[PDB]
Amino acid sequence: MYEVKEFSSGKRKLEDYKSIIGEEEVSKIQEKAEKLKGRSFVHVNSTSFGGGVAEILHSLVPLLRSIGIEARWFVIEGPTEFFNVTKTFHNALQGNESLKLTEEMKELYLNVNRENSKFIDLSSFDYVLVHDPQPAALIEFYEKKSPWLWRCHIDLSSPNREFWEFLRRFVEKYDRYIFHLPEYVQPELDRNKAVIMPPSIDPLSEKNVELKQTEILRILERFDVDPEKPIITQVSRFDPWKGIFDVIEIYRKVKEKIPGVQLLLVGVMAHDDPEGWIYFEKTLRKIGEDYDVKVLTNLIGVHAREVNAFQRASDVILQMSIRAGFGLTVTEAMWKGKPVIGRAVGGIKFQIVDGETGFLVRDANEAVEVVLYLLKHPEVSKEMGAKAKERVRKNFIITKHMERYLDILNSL
Ligand SMILES: O=c1ccn([C@@H]2O[C@H](COP(=O)(O)OP(=O)(O)O[C@H]3O[C@H](CO)[C@@H](O)[C@H](O)[C@H]3O)[C@@H](O)[C@H]2O)c(=O)[nH]1
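For the sequence shown, the authors' numbering gives the first residue as 3, with consecutive numbering after it.
Structure below.
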């Protein structure tokens, strides 16, 4: 078990967001964190590098720090055979009821959880929070003297039975379980000690920070994207159920009346995600030699900062997911003042206030209508964008995410 101590984001302090949230909120926040001043609020997970969760802590911990709470962050160490197993666990918990949980696995998972719990005495802190499955078992290697919270960053609606019944022996021990959406809360758990806490975006990160026109134009020209013509964009993982092919049809029907329209299919995926690269290849084969369609991925040099650009340069952003999680992508777009058009699923039906911040449609033809409408009425589009930004500012910001943590600690 290791400890971060440093923070990439730097010294993320509430003050760094004052301009973004206003002083009434910066106060409302400071007030709620005084009643917990000097407390111990530690976090435990699997890494401080590869992961959005890690990126969240790098800003969330400093923040808690700078507001009177002695927040601290510990990580778990381990051999490949542990993460490969936890990878199986991860996929098993999210469907894929074709994986087998063997004893060799349980031994390794639990053991690794044993050795890592002898480096730091988590039970000595006022509040303990554990992130995802990898360290969920730490709770039975100490004598609780304070509340322990279980933060889940994945779906648990249709979990491989075998695997859930195992992880459940540890989860049920925590005082509270935290899920992104009220569809991830497995019934085997007491819905009174369950908590809905949507993920959040950080206004000051590479992905969301506001770039300067010159840079946006440098990234645009680099990927042969004409900013002087209209642009529609869908940011997402390349898999069979994200509407990627529907989007391609919306771009084509739209393109009959607006022959200059461009489509940006943006997606960052890990190189050990064969599934996603196959679907990627399939998309290119489907698009053919129509270069008004831009397939932009990290294979070609696209990362957080380029994604930022692509979203800012978009006139309309889509999310025709058939099956979706919370949809932080819709959150980022909304925060950038863009009207979103997407199916009503997962976090997409929650974030979009149809007809106000964006539109919830049922198919591609309904999608085509609204894209033309929006593109036709840039003022209506400016309006929908402005209100969608506010919804984010008042509901899904990292500072609002933290304030949610206070509310929970103030209720123990
Ligand atoms: O091509 C991409 C796709 C995503 N992002 C970033 O990732 C976030 C969006 O993630 P979403 O695209 O919101 O992630 P999910 O597809 O919802 O992740 C799935 O897989 C997760 C576990 O890995 C589960 O917890 C989720 O519920 C499940 O929906 C955004 O903030 C982006 O910054 C990119 O930069 N490029």
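Think of the CB as a built atom: it goes at the ideal place given N, C-alpha and C, for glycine as much as any other residue.
- Within 6 Å of the C-beta of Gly344 there is not a single heavy atom belonging to ligand 1.
- In the DSSP assignment, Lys37 falls outside any alpha helix (DSSP H) and carries neither an H nor an E.
- DSSP places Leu158 outside both helix and strand once states are collapsed to three, so it counts as coil.
- Counting along the chain, the unbroken alpha helix (DSSP H) around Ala311 starts and ends at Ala306 to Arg314.
- The closest heavy atom of ligand 1 lies 6 Å or more from the beta carbon of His273.
- A distance of 7 Å or more separates the beta carbons of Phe43 and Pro201.
- In this structure, the alpha-carbon of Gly290 lies about 41 Å from that of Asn397.
- Residues of the same chain with a CB within less than 8 Å of the CB of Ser61, apart from the 5 flanking positions on each side, are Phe9, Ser11, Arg14, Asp204, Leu206, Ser207 and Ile400 in chain order.
- For secondary structure counted as the alpha helix (DSSP H) over 4 or more consecutive residues, the region 41–80 holds these complete runs in sequence order: 54–67.
- Residue side-chain check: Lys391 keeps its Cβ at 6 Å or more from all non-hydrogen atoms of ligand 1.
- In the structure shown, the three-state DSSP call for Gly348 is helix.
- Residue nearest to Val270 within the set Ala306, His133, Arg287 and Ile252 is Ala306 (criterion: CA-CA distance).
- The C-alpha of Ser21 is placed about 30 Å away from the C-alpha of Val197.
- Per DSSP, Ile246 lies in no beta strand (DSSP E) segment; the continuous alpha helix (DSSP H) that holds it begins and ends at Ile246 to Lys259.
- In this structure, the alpha-carbon of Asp128 lies about 14 Å from that of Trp75.
- For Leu267, there is no enclosing alpha helix (DSSP H); the residue is found in the beta strand (DSSP E) stretching over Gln264 to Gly269.
- Sequence-distant Cβ neighbours of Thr299 in its own chain, meaning closer than 7 Å and more than five residues away, are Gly269, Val270, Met271 and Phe282.
- Rounded to the nearest angstrom, the gap between the Cα atoms of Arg239 and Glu371 is 25 Å.
- Going by beta carbons, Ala138 and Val130 fall outside the 7 Å limit.
- Taking a 10 Å sphere around the C-beta of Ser316, we find 16 or more other C-beta atoms and assign the residue as buried.
- With a contact defined as Cβ atoms closer than 8 Å, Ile354 and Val373 miss out at about 15 Å.
- Nearest C-alpha to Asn210 among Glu27, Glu392, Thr333 and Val114: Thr333.
- The C-alpha of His92 is placed about 19 Å away from the C-alpha of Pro189.
- Counting along the chain, no alpha helix (DSSP H) covers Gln188, and no H or E run does either.
- Three or more Cβ pairs closer than 8 Å define a contact, and the region 156–165 meets that threshold against the region 99–112.
- Here the region 308–322 lies against the region 244–264, with 3 or more beta-carbon pairs under 8 Å apart.
- Taking every protein chain shown into account, the CB of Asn113 has fewer than 16 other CB atoms within 10 angstroms, so this residue is exposed.
- Residues of the same chain with a CB within less than 6 Å of the CB of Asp294, apart from the 5 flanking positions on each side, are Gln264 in chain order.
- Rounded to whole angstroms, the separation of the alpha carbons of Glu109 and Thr82 is 15 Å.
- The three-state secondary structure of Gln96, taken from DSSP, is coil.
- In the three-state scheme derived from DSSP, where H, G and I count as helix and E and B as strand, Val318 is classed as strand.
- By the Cβ neighbour-count rule, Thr216 is exposed, with fewer than 16 other Cβ atoms within 10 Å of its own.
- In this structure, the straight-line span from the alpha carbon of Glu17 to that of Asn310 is close to 23 Å.
- For the 7 Å CB-CB criterion, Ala366 and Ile250 do not form a contact.
- One thing to note: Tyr4 has its Cβ within 7 Å of the Cβ of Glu79.
- Counted as a single uninterrupted DSSP element, the stretch harbouring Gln136 is not any beta strand (DSSP E), since DSSP gives it neither H nor E.
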